[PDB]
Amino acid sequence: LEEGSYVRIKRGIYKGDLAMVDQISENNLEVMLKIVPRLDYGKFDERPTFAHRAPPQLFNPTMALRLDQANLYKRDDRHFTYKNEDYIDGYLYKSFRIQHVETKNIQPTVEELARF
């Protein structure tokens, strides 16, 4: 597990998705991951599940501004907090337990070769 390398997420709506390791935590049990988000911009709001997850697409802050500005906070250059998650230059940065990522024998998919 090294910063800058790829892992596959094992839990949640991002289960199965490829992610870059951004930062290994001080407590040595977590890892901040850079992830292509799966968002709806609050479209049908009044717990998401893996089975019903959205398609992956980079975060679009102007789309968030247009559709759900109440939940959008600018934090820095290219950094927004949207619905209490952080997006920097379009990617989600989210902490996962190291035990919830796969670091070994990852096989990039056709789709991942096209993207990354």
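Counting begins at 1, following the sequence as shown.
Higher mean CA temperature factor, per the PDB entry, when comparing 87-95 with 71-79: 71-79. The PDB entry records a higher mean C-alpha B factor for 103-111 than for its counterpart among 8-16 and 103-111. Of the residues listed, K34, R66, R53, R47, the entry assigns the biggest Cα temperature factor to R47. Placement of the Cα temperature factor of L29 within the chain: highest third of the modelled residues, per the deposited record.
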